[PDB]
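Colleague: experimental structure below, sequence on top.
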Amino acid sequence: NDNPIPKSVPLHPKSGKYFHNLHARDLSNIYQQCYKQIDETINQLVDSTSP
Amino acid sequence: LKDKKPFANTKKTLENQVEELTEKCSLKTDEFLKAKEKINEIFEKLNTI
């Protein structure tokens, strides 16, 4: 209506290219680095405190 | 012939929205770079500590 701007259209193969390209950016390396850091911090704290 | 011109106007609007896509991608990449550099620096500070 009015301005010919449809709300949505069916997917196109050219648009399918970008749809296949779109992905959620990963945190696996970040999460594993954080886990290793906190684990080694705990291990250090195990004997760090004065007896 | 009369109806053709609004299609060209919508083409201009959609090319402007593609420019907006480019700007949004640029700012998202900036945010990613900043956040990654910050977390890497925090990790490095933890390593130094």
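Modeller: Structure's in. What do you need? Numbers count the residues shown, from 1 in each chain, chains lettered A, B, ... in the order given.
Colleague: mind telling me what element residue A:5 is part of?
Modeller: Using DSSP states H and E, residue A:5 sits in no helix or strand.
Colleague: wait, it touches residue B:10, no?
Modeller: Yes - using C-beta atoms under 8 Å, residue A:5 is in contact with residue B:10, at 6.3 Å. (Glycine included, C-beta is placed from N, CA and C.)
Colleague: neighbour count for these two, which is higher?
Modeller: Neighbour count, other C-beta atoms under 10 Å in any protein chain shown: between residue A:5 and residue B:10, residue B:10 has more, with 14 against 10.
Colleague: just say helix, strand or coil for the residue lying farthest from the centre of chain A.
Modeller: Seen from the C-alpha centroid of chain A, the residue lying at the greatest distance (C-alpha atoms, centre = their mean) is residue A:51, 42.1 Å away. Secondary structure, DSSP: H, G, I helix; E, B strand; the rest coil: residue A:51 is coil.
Colleague: could you check how far it is from chain B?
Modeller: Between residue A:51 and chain B the computed distance is 22 Å (C-beta to the nearest C-beta, to the nearest Å).
Colleague: could you do residue A:40 as well?
Modeller: Residue A:40 is 9 Å from chain B, by C-beta to the nearest C-beta.
Colleague: how near is that residue to residue A:30?
Modeller: Distance of residue A:40 to residue A:30, computed by C-beta to C-beta, to the nearest Å: 16 Å.
Colleague: kindly report the same for residue A:45.
Modeller: Counting by C-beta to C-beta, the separation of residue A:45 from residue A:30 is 22 Å.
Colleague: higher neighbour count, these two?
Modeller: Set residue A:45 next to residue A:30 and count neighbours by other C-beta under 10 Å: residue A:30 wins out with 14 against 9.
Colleague: not counting its neighbours along the chain, what's nearest that one?
Modeller: The shortest distance from residue A:30 to any non-neighbouring residue, by C-beta to C-beta, 6 or more residues apart in numbering or on different chains, is to residue B:39 (6.6 Å).
Colleague: that neighbour contacts residue A:31, correct?
Modeller: No - taking contacts as C-beta under 8 Å, residue B:39 lies outside contact range of residue A:31: 11.0 Å.
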